[PDB]
C-alpha cells in the first residue's frame, strides 16, 4: 500500500514526530491508520492513534469500526504490512513485530470485497 501519511511527510519528519510522541508517552503505541487505496469502504476521520500497549488488535479493530460507524453485519479487516495481524496480540506486541523504521505502526483497513 502507498500511504498518504508518507506522501505528506518525509522520512526525517516522521522519524522525529514518532520519536517525540514515544518519548512523551513510553507506554503507548503510535499508529497511522488508512483505508486500503481504492477500497469501497468509507474513509475515516482520524488517522493518528496513540493507544495503550495492552489493548488487543481485536479491541483496536473495534475502535476503527466505531470511528466509521460500520454496521455489525458488514465485515472489516485490518492489514499490517503484507499480512493480517492476529487479533489476540496486544498493540504493544504488534508494534514490536511490525513497526515501520520511522517508529510508527501502520495499519490499513478494508471492508468486503463486494463486486460491481
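Residue numbers count along the first chain shown, from 1.
Judged by mean Cα B factor in the deposited record, 67 to 75 ranks above the other of 31 to 39 and 67 to 75. The PDB entry reports B-factors from which the mean C-alpha value can be compared for 22 to 30 and 45 to 53; the larger average falls on 22 to 30. In the deposited entry, the Cα temperature factor of residue 115 places it in the highest third of its chain's modelled residues. Sort the chain's modelled residues by C-alpha temperature factor and residue 3 lands in the highest third, per the entry. Among all modelled residues in this chain, the alpha-carbon of residue 13 has a temperature factor (C-alpha) in the middle third.
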